[PDB]
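Given as structure tokens, the chain that follows is alone and in the form deposited in one PDB entry.
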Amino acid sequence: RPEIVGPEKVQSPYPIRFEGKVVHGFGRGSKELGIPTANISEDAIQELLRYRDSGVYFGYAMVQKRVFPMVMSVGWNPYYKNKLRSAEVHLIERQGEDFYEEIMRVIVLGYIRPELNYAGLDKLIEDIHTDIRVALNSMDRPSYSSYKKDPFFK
């Protein structure tokens, strides 16, 4: 795995902007697993990411008036056959209370990798830490980091 992904400058189809209410996940408490994930409201990503690649992306997200670099996992809902999009966001390097029912605004700046077949909790923790390390290295570049002051976050 590479320690950095994407071009030096943001390229189409990024940036991709949207917002959604943070709702409860599916029971799996990631907060204790050291990797809390914010399940975005399904009614805001269905069409927008319907034809986007499943996988982990990166960029910036805002909630409770604060912007943080982030990693987003985009997959499908398992409870149904018909393709139902799902998205979960992990705000990187944040300290605070939970923000359920709060509107989160997201700016996707790039793709990291496709969804790896689930292979246990430990491996998944390892994969996500690398993801976080990659997102930071990727957004340390001017073209990407300036999006932290994007009008959408104003």
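When you see a residue number, it is the position in the sequence shown, counting from 1. What we label the rigid core is the largest C-alpha set whose atoms superpose within 1.5 Å from one form to the other.
Although not depicted, the form deposited in another entry is the subject of the following passage.
- No residue of 67, 35, 124, 92 other than 35 has its CA displaced by 2 Å or more between this form and the one not shown when the core is superposed.
- The two forms, fitted on the rigid core, differ between this form and the one not shown by less than 2 Å at the CA of residue 53.
- When two forms of a protein are overlaid on their rigid core, residues whose CA moves 2 Å or more are considered shifted, and residue 101 is one of them between this form and the one not shown.
- Superposed on the core, the two forms differ at residue 25: its CA moves 2 Å or more between this form and the one not shown.
- Distance between the C-alpha atoms of residue 17 and residue 94: longer by at least 3 Å in the other entry than in the displayed form.
- In the other entry, the Cα atoms of residue 67 and residue 36 sit 3 Å or more nearer to each other than they do here.
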